[PDB]
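In the form deposited in one PDB entry, a lone chain appears below as structure tokens.
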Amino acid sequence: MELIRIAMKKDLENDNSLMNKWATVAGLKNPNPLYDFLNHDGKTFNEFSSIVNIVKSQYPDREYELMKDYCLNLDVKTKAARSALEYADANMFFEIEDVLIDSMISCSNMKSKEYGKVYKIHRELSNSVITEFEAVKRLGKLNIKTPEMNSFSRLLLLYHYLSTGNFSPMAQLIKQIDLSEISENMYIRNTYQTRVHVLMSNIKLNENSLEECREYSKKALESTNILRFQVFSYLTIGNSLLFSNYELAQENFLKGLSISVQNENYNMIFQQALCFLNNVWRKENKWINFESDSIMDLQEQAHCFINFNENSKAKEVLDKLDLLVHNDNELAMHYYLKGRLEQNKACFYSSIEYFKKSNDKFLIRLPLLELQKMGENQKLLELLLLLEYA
């Protein structure tokens, strides 16, 4: 037996009313699939929503251990195994996901074969194992038939665009997604919908459309029970307040910290968000990571040093950053820091060039403000705000 049902039965031995409560939590309306789920090996619910909801309600502290054991014992050819692939990927449970993928790439069911091959492209592209060109080409050769993988072939490109600081293609690409075409798997539909809500929050942020960015993150939060999506919602809401509301931006990042304390990756992301917030407002910064050579962390060391007129130490750190390789959005930030250190207008125009190239209409407010402080003509600033990149 799978650990999940062992624990569910030993707990129903001690309390019988758990039958009606688990049926309501899973949305079943009557315990008939519940009884079947506990009495014959291999029986699956109609929607993966059912098992996830019981696990989160009854054993929240044990979700990963229970779902890892339940997922990796599923018939890879089934709907349940295809839902578990999404559950795993959405949660960044990479070790569940990669086992399921090489398992479904191998089987004989064509739907599971497809999911596996597409999620594999997403993972290889996520890890810079393949370029975007070879991912698009490989996706084309798959002749993707299911609406779920037609939606996810586009989602995986969207995530790659967001992570490489290449925002201009995202708005038109996300418009191509129609999740109403997903009718066979309500759990994949509902989770993809959360995915789109959070991606739309990031796109609205990148367009400086801050009210809409916050509404989309709030809809993601009401739509989900998955920690990864709550994390990125609080992160994006907080980012949207960076230039206007210190206390509310901090409050959202601290709420993010509070829900991700057992997750080193998400905990690090909120420290980094609080680190940037405090540098934008030029306050004492207790969130700096002095033991890192990532561009993100090094940039913030330099920013804080500049803010407190320690120009030598900022020069040391910026010397480090010259010997690392930047993408477009990181380079725009690099020129912003160089301009503040050097008091050099040319650095601020190069900063603007690359925020234009990345299509970042939000962080561009940083070099724009510095140019205004140095007396740049207001008509020129308006023009830079208005023109765009090819």
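Note that the rigid core is defined as the largest set of C-alphas that superpose within 1.5 Å between two forms. For every residue, the number given is its place in the sequence shown, counted from 1.
- Remark: stretch with higher mean C-alpha B factor among 343-351 and 47-55 is 47-55.
- Legend: mean Cα B-factor per stretch from the PDB entry, 290-298 versus 253-261; the higher mean is in 290-298.
- You'll see in the entry that, of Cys275, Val99, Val118, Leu199, the Cα B factor peaks at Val99.
- Taking the PDB entry at face value, the top CA B factor among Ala171, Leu155, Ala220, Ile105 belongs to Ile105.
- Per the deposited record, the Cα B-factor of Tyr336 falls in the lowest third when ranked against the other modelled residues of its chain.
- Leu363: CA B factor in the lowest third of modelled residues in this chain (values from the PDB entry).
- Ranked against the other modelled residues of its chain, the C-alpha B-factor of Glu370 as given in the entry falls in the lowest third.
- Annotation for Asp178: CA B-factor lies in the highest third of the chain's modelled residues.
- Among the modelled residues of its chain, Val76 has a C-alpha B-factor that falls in the highest third, as given in the PDB entry.
What follows is about the form deposited in another entry, which we do not show.
- Superposing the rigid core between this form and the one not shown leaves a single residue from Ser180, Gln176, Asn127, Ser292 with a C-alpha shift of at least 2 Å: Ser292.
- A movement of the C-alpha atom of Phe305 reaching 2 angstroms or beyond is seen between this form and the one not shown when the two forms are aligned on their rigid core.
- Once both forms are overlaid on the rigid core, the distance between the two CA positions of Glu63 between this form and the one not shown is under 2 angstroms.
- Once you line up the core between this form and the one not shown, the Cα of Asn329 ends up 2 Å or more from where it was.
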